[PDB]
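Here the structure comes first, spelled out in C-alpha cells, and everything after it is commentary.
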Amino acid sequence: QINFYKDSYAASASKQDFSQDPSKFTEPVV
Amino acid sequence: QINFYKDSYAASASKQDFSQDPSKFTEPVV
Amino acid sequence: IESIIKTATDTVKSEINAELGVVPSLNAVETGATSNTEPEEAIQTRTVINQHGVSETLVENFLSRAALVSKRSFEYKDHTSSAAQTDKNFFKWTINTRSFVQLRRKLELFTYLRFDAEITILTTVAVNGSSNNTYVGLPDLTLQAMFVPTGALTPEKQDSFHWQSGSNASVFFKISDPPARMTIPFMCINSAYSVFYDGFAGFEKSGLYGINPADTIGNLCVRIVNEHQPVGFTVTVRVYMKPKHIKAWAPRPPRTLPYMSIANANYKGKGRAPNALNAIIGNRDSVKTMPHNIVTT
Amino acid sequence: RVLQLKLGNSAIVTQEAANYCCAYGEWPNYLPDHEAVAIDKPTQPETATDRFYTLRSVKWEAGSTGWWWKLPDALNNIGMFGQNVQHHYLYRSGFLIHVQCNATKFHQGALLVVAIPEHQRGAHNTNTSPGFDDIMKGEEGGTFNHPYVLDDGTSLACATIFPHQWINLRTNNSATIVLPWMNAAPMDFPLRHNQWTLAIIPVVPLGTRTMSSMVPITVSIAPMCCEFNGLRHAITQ
Amino acid sequence: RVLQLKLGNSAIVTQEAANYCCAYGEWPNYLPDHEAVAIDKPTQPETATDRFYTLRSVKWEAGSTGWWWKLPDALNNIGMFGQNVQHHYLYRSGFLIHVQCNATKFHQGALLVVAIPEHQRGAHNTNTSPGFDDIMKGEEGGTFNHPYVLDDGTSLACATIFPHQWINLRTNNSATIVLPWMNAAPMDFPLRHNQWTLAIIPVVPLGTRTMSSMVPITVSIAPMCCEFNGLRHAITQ
Amino acid sequence: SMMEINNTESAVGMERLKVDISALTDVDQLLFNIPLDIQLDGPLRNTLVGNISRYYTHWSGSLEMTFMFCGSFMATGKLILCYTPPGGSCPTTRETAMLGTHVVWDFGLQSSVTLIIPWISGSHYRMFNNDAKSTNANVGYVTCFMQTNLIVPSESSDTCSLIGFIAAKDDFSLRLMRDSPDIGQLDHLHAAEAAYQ
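Protein chains in written order, with the authors' numbering: chain D, 4028 to 4057; chain D', 4028 to 4057; chain A, 1001 to 1297; chain B, 2012 to 2248; chain B', 2012 to 2248; chain C, 3051 to 3247. A prime marks a further copy of an entry chain.
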C-alpha cells in the first residue's frame, strides 16, 4: 500500500473488517 | 519481484518447483 | 453477539432422534425472530470442513466500484448567434447519484451512508458532420473543471473572470492525458448522509418533500480553455464516482418498479408482469404447474 | 405431549401425543456374533432403508369394522427396502410405527391401535384354511370381518395384553409404537412369513352434530437396524 | 505369474498373469471430511456393490478393429449397483478391471488393454458432433471406427501414456488394472458423464495353422469404495 | 422474507403472497409446488436472498423454508412437505414424493414449521448460467400434499391460508459480482436535465 498524500481520506479502500452480528436483524427479541 | 496489488493471484509466474516422480507413469506396477 | 467470520460454517455428524418435549423443526413466526432450526436437527448429516471465503460480499467490496454518474455533450465552436438554452463551450452540473439506475438501486439498499468519493473524468471529441466538412484530424484541447459549493456563484460565460479560481479548487487536464482523478472527503454537516428523508427542507410549508440540501455534494463547472477554432467539434464529458471508506446503517427492501424521476420515489410499473404494479413475478397457469419441468424420453 | 422423530432424511412432529410405547420394554439392535448363524458378511444399508415410508390413507366412516397390515409384507415393494428384500435370501429388522388421525373439538370417537405378533387368521363357518390371496395383501392391507373376535376366535376385550396405544379424539391425535425383532430364529425369508400385524379398530364410533367432513387415518412406518444376507438375482412376489 | 482376487461373494484365479497395474500409483478410498461437499449422510453398501460383474463376451476374428465400454454407463442397469444408481442423485467409486483371453501354444496375437480418462469421441468427415445414441451404449459397448487415431484424431502409437497392459498370447492370458476416482469434482451424476473408457485393440491379429476355434474375449469389472448421496424416487435412462 | 407462491393470472397484489387450502373428499392429494432455481424469475426472486443473490454469479450452501398457518383456532389438519433432488420430472403423487427429504407437520399451539433444503451438489458451487436444465444450475423441486385433511366446525370459515417464507443458513456463500437484471432504463429520468440548468 503506497500513500504520499498528507490528508488521511486520500488513501486506498479498506477491506479487512470481518466482524459480524446477524442477531440484531435475525433475533431482535428479549 | 515487485507486487503492490492486494489479491495474491495478481502476482508474476512461479518457476521454482523442481520436484518430480516419473515412476507414476513409467512403473505403475505392484 | 459480535464475532470475526472469515469462512462459511462447518457441519457436524448427527444420529437418530426420538425425544419427548423437544421439537426443533417447530417455530413461532409471530415473535418477529427468524427460524433457528439447524440442518443436524432436521436430517442425518456427515461431518464437513468448510473452506469457502466470505470477502466478496463485504460492504466495502459491494459498493466500492466506479460507476457512471454524468454524461454531457456540447458543441465547441463560435457561439455568437446561439440561443440562450445552449451550453456555450461550458456547462454546470449539480452532483447527484440518482440519474443512472444501477448505482441508484445499490445505494438505496441502505438508510444512512458515510463515505469519501473518488471522482474520475473522461473526455472524447469528434468533428461535426455537416455537408461542408471533410474529416481534418482531432485537436488536443485543455479543459478546466472547478468545484463550487451548493448554491454559490457559478461562471456566466466561457471567458468570465470567475474562472480565476482564487480559493475554489480547479483541475486542468488535456484530452491526450490519462483520465483526470481526485478524492472529495465526506462533507455532510451530520455524521452520515441520509439516502431517504421523510421531511421538508424549510420552516415554511411550501418547501420540497424528500430533499435535504445537507446531502448534496456540490456543483461541478466545466469549460474548454482554448479559444474556438475555424471549424466546429462535438465534445462529450463522462463523470465516474467510486465510494470508499464506507459505513452503512439500516438495510431496506429493494426497488421493484421502474424509476420515474430524480426528484422523488414516484411509481407506475410495467403494463404486464414481471414488475407490474399488480404483479412483480411473471405468471404460471396454476400453483400445481412446474415451469421448467424436466422431460424424460 | 409434544414429540419429534428423526430418521434418515425424514422427520415427523406432533403437538398432541400421549407418551410412546416400547414393545416388552425392548429397543431394536443389530445381531451379535454369539447369536449369529449365516457366515457371509451382512449388508447394512443404514439411511437408505432406515427412514419413514407413508402408506395410502383410509376413510373412517360410521360403518367401519377396522383395518390391518402385515410386516414386512406391506413394505416389500417400497423404495430401497423393497430392492434389498428382492435381491437377498434373508432379512432382519425392528420397526417404528406412527398412526395419525385428527378431528374438531366437537367430534368424538376412539381407536385401539395394536401390534400383534404371529397373528395367524381363521376363516368363518368352514373347515378350509385361508388361501395365499386372503393373507398376502401387500401395501393395501385388509379389513376385519369380526373384530369382536379378532378374526381368530379369541377376543378384542383381552387384546390389551399386546403392545398398544389408543387415539381418543378429546385427548390425542397420534399413536407411536417401537417394535423389536420378534421371531424364533435370528433371521428369516421375507416373502413367506410375517413377524407383526398392525391392527386399527374403532371401539367407539365417529360422531358429531357439526359440519360433515371426510376424516382419514394415515400410517407411517420406519424399519430400524436392517440387515440382509444371501445376495442373488432379483425375485418378486 | 499366479494371482487370486477376492471381493464380496466373488473370486477370480489366474495361472498366467503379468503383475498388475495401479493407475498413476494410486489406490481407491472413501471421500474424507476435508474434501466433502454434500451435507447428507452417504449410503455405503459395501459387499452388496463392491464385487465382480461379468459382461457379454466378444469374438476375436481376423477383421476385428477393437472394442470399448464406458464407466459407469456399462454397469448402470446391473444388480444392487444399478438399483443404488437409479435411486440417488450423486455417486462416487473406483474400479478393478480384469480382462480374460486364452488360446493354444500354436496361436499368435497381441491385444493392447487401456483405460482412458475423459475419452471424448470425434465423428469422421463431418462438422456435426456425436449424438446421445452414438455415446451411451450401456452394457453392450461399441467398436472402433479408426483405432489407429483412437476415434479422436490423436494416435494409437502414444496410447501407452495412459494406464494399460498387454495380452500377448505366448506370454500371458489375462490383464488387470486398478482405477481410482478420476474427476474435477468429489462426486458426480452417473447418468450424463463417464469418468473412464475401457478399450481393447488387436495390434497384432489372431493367427494359427492348427484346427480353427472360436476365441472369445471376456471382461469382468468390480466397483470399489462405492458411495451414494441425495436419495429420491427411481429414475432410469 | 415472503415467497410469491401464488404467481397466477387471477391473483392481484397481496393475494399473490398467500396459498388458500380447503377440505377435500379424496385422500393423498397435491396442494402446490415451488421451483427452486433462485437466479430465475419465480416465487423466490423477490426475496432478500433472491435480490442479493442476483448481483452475483455463483452460490453455495443450505436454505430454509418456513410456513405459517393462518386458519381459525378451531381448525385442524396435517401436511407433508417434500424436497426432491434433481434428475427427472417433478413428482405428482404422495407415494413418489415421500421417498425424498421431507417433514410431516401437525397444526397446533406452535404456528409454524421449517423445512431445511440441504446443500446436495457434485460441485462446490452452483452457477447462474441462463439455462434451467443444466447439471450446474438445477436444484430440484419442493411439493406439498395432504397427510390427513383440513377439518373445521360449521362456524369457522371453510377455507384457510398459508404464508411461506425463505432464508439462507450461515453455511451460505456468493461470488463473481455482476450488474443486476432487476433494473434498467432506455431514457434519462424526469428532472435529470434540471441538474444542468
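All C-beta atoms in this analysis are idealised placements derived from N, C-alpha and C, irrespective of residue type, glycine included.
Mapping DSSP to helix, strand and coil, what is residue 1135 of chain A?
Working through the third sequence from its first residue, we reach residue 1135 of chain A at position 135. Coil, per DSSP.
In chain order, which beta strand (DSSP E) runs of at least 3 residues are fully inside the region 2085-2123 of chain B?
Secondary structure within the region 2085-2123 of chain B: the beta strand (DSSP E) runs of 3 or more consecutive residues, fully enclosed, are 2099-2111 (chain order).
Quick one: using the 10 Å Cβ neighbour count with 16 as the cut-off for buried, is residue 1223 of chain A buried or exposed?
Counted from its first residue, the third sequence places residue 1223 of chain A at position 223. Under this definition residue 1223 of chain A is a buried residue.
Within this structure, are the beta carbons of residue 2106 of chain B' and residue 2123 of chain B' separated by less than 8 Å?
For this step, residue 2106 of chain B' is matched to residue 95 along the fifth sequence. For this step, residue 2123 of chain B' is matched to residue 112 along the fifth sequence. No, the pair does not count as a contact, with Cβ atoms beyond the cut-off.
Beta-carbon of residue 2227 of chain B' versus every beta-carbon of chain A: anything under 8 Å?
In the fifth sequence, residue 2227 of chain B' corresponds to position 216, counting from 1. Closer than 8 Å: no.
When you compare the region 1177-1184 of chain A with the region 1120-1136 of chain A, are there three or more beta-carbon pairs, one atom per stretch, that lie closer than 8 Å?
yes
Residue 2244 of chain B' CB to nearest chain C CB: under 8 Å?
Looking up residue 2244 of chain B' in the fifth sequence gives position 233. Yes - at least one Cβ of chain C is within 8 Å of the one on residue 2244 of chain B'.
Within the chosen definition, does the region 1042-1062 of chain A reach the region 1008-1017 of chain A through at least 3 CB pairs nearer than 8 Å?
yes
I'd like to check one pair, residue 3153 of chain C with residue 1025 of chain A: are the Cβ atoms closer than 8 Å?
Taking the first residue of the third sequence as 1, we reach residue 1025 of chain A at position 25. Taking the first residue of the sixth sequence as 1, we reach residue 3153 of chain C at position 103. Their beta carbons are under 8 Å apart, which means residue 1025 of chain A touches residue 3153 of chain C by this criterion.
Members of the region 2068-2100 of chain B near chain B', C-beta cut-off 8 Å:
2090, 2091, 2094, 2095 and 2098
Whole angstroms are fine: how far does the CA of residue 4031 of chain D' sit from the CA of residue 3192 of chain C?
Here residue 3192 of chain C refers to the residue found at position 142 of the sixth sequence. Here residue 4031 of chain D' refers to the residue found at position 4 of the second sequence. Rounded to the nearest angstrom, the two C-alpha atoms are 49 Å apart.
For residue 3129 of chain C and residue 2026 of chain B, the rounded distance between their alpha carbons:
Against the fourth sequence, residue 2026 of chain B aligns to sequence position 15. Against the sixth sequence, residue 3129 of chain C aligns to sequence position 79. If you take the alpha carbons of residue 2026 of chain B and residue 3129 of chain C, they lie about 13 Å apart.
Distance, Cα to Cα, residue 3119 of chain C vs residue 2204 of chain B'?
Residue 3119 of chain C sits at position 69 when you count from the first residue of the sixth sequence. Residue 2204 of chain B' sits at position 193 when you count from the first residue of the fifth sequence. Rounded to whole angstroms, residue 3119 of chain C to residue 2204 of chain B' spans 44 Å at the Cα level.
Neighbourhood of residue 3175 of chain C by C-beta distance below 6 Å, restricted to the same chain and skipping five residues each side:
As a position in the sixth sequence, residue 3175 of chain C is number 125, starting the count at 1. Excluding sequence neighbours, residue 3175 of chain C sits near 3108 and 3110.
Using C-beta distances below 6 Å, list every residue in its chain close to residue 2021 of chain B, excluding the 5 sequence neighbours before and after it, in chain order.
Counted from its first residue, the fourth sequence places residue 2021 of chain B at position 10. 2062 and 2063.
C-alpha distance - residue 1017 of chain A paired with residue 1043 of chain A, whole-angstrom precision:
In the third sequence, residue 1017 of chain A corresponds to position 17, counting from 1. In the third sequence, residue 1043 of chain A corresponds to position 43, counting from 1. Straight-line Cα distance between these residues: approximately 10 Å.
Terminal residues of the continuous beta strand (DSSP E) containing residue 2238 of chain B?
By one-based count along the fourth sequence, residue 2238 of chain B stands at place 227. It spans 2226-2242 - the beta strand (DSSP E) in which residue 2238 of chain B sits, taken as one unbroken run.
Applying a beta-carbon distance threshold of less than 9 Å, which residues of chain B neighbour residue 1119 of chain A?
For the purposes of this step, residue 1119 of chain A is identified with residue 119 of the third sequence, where counting begins at 1. Under the 9 Å cutoff, chain B gives no residues; its nearest Cβ is about 56 Å from residue 1119 of chain A.
Please list, in chain order, the residues of the region 4029-4053 of chain D' that have any C-beta partner in chain B' closer than 9 Å.
Correct list: 4048, 4050, 4051 and 4052.
Under a Cβ-count criterion, where at least 16 other Cβ atoms within 10 Å of its own Cβ denotes burial, should residue 2251 of chain B be classed as buried or exposed?
In the structure as shown, chain B starts at 2012 and stops at 2248, and residue 2251 of chain B therefore has no counterpart that could be examined.
Rounded to whole angstroms, what's the CA-CA distance from residue 1194 of chain A to residue 1241 of chain A? Just pull it up for me.
Along the third sequence, one-based indexing puts residue 1194 of chain A at 194. Along the third sequence, one-based indexing puts residue 1241 of chain A at 241. Taking the straight line joining both Cα atoms gives about 18 Å.
Interface flag, residue 3170 of chain C vs chain B', CB-CB below 8 Å
Here residue 3170 of chain C is taken as the residue at index 120 of the sixth sequence, counted from 1. Yes, its Cβ sits closer than 8 Å to a Cβ of chain B'.
Quick one: does residue 1282 of chain A have its CB under 8 Å from some CB of chain C?
Looking up residue 1282 of chain A in the third sequence gives position 282. Yes, contact with chain C.
Just the Cα atoms here: how many angstroms apart are residue 2092 of chain B' and residue 2059 of chain B?
Mapped onto the fifth sequence, residue 2092 of chain B' falls at position 81. Mapped onto the fourth sequence, residue 2059 of chain B falls at position 48. In a straight line, the C-alpha of residue 2092 of chain B' is about 13 Å away from that of residue 2059 of chain B.
DSSP three-state assignment for residue 3058 of chain C, whether helix, strand or coil:
As a first step, residue 3058 of chain C is located in the sixth sequence; it is residue number 8 there, counting from the start. Here residue 3058 of chain C sits in strand by DSSP.
Cutoff 8 Å: residue 1276 of chain A Cβ touching any chain B Cβ:
One-based indexing of the third sequence puts residue 1276 of chain A at position 276. Output row for residue 1276 of chain A: interface = no.
Mark residue 3170 of chain C as exposed unless 16 or more other C-beta atoms lie within 10 angstroms of its C-beta, in which case mark it buried.
For the purposes of this step, residue 3170 of chain C is taken as residue 120 along the sixth sequence, with counting starting at 1. Residue 3170 of chain C should be labelled buried.
Starting from residue 1105 of chain A and walking both ways along the alpha helix (DSSP H), at which residues does that stretch end?
Counting from one through the third sequence, the residue named residue 1105 of chain A turns up at place 105. Unbroken alpha helix (DSSP H) run through residue 1105 of chain A: 1101-1107.
For residue 2058 of chain B, return the contacting residues in chain B', with the cut-off set at a CB-CB distance below 7 Å.
For the purposes of this step, residue 2058 of chain B is taken as the residue at position 47 of the fourth sequence. Per Cβ cutoff of 7 Å: 2052 and 2054.
Buried versus exposed call for residue 1205 of chain A [16 or more other C-beta atoms within 10 Å across all chains shown]:
Numbered from its first residue, the third sequence carries residue 1205 of chain A at position 205. By the neighbour-count rule (16 or more Cβ atoms within 10 Å), residue 1205 of chain A is not buried but exposed.
Is there at least one Cβ from chain B nearer than 8 Å to residue 2240 of chain B''s Cβ?
Walking along the fifth sequence from the start, residue 2240 of chain B' turns up at place 229. Residue 2240 of chain B' does not count as touching chain B.
Give the residues from the region 1176-1203 of chain A that approach chain D closer than 8 Å (Cβ to any Cβ), ordered along the chain.
1183, 1185 and 1186
Straight-line gap, residue 1037 of chain A to residue 3094 of chain C (C-alpha atoms, nearest Å)
Along the third sequence, one-based indexing puts residue 1037 of chain A at 37. Along the sixth sequence, one-based indexing puts residue 3094 of chain C at 44. Rounded to the nearest angstrom, the two C-alpha atoms are 20 Å apart.
Can you list, in chain order, the residues of its chain with a C-beta nearer than 8 Å to that of residue 1064 of chain A? Leave out the 5 residues immediately preceding and following it.
On the third sequence, residue 1064 of chain A is found 64 positions in, with the first residue counted as 1. Counting only Cβ-Cβ distances below 8 Å, and skipping sequence neighbours, we find 1242, 1243, 1244 and 1246.
If we call anything under 8 Å between Cβ atoms a contact, is residue 3166 of chain C one with residue 1213 of chain A?
Position 116 of the sixth sequence holds residue 3166 of chain C. Position 213 of the third sequence holds residue 1213 of chain A. Taking 8 Å as the Cβ cut-off, residue 3166 of chain C and residue 1213 of chain A do not qualify as a contacting pair.
For the region 3119-3153 of chain C, enumerate the residues whose C-beta is nearer than 7 Å to any C-beta of chain B', in chain order.
3134, 3135, 3136, 3137, 3138, 3141, 3146, 3149 and 3150
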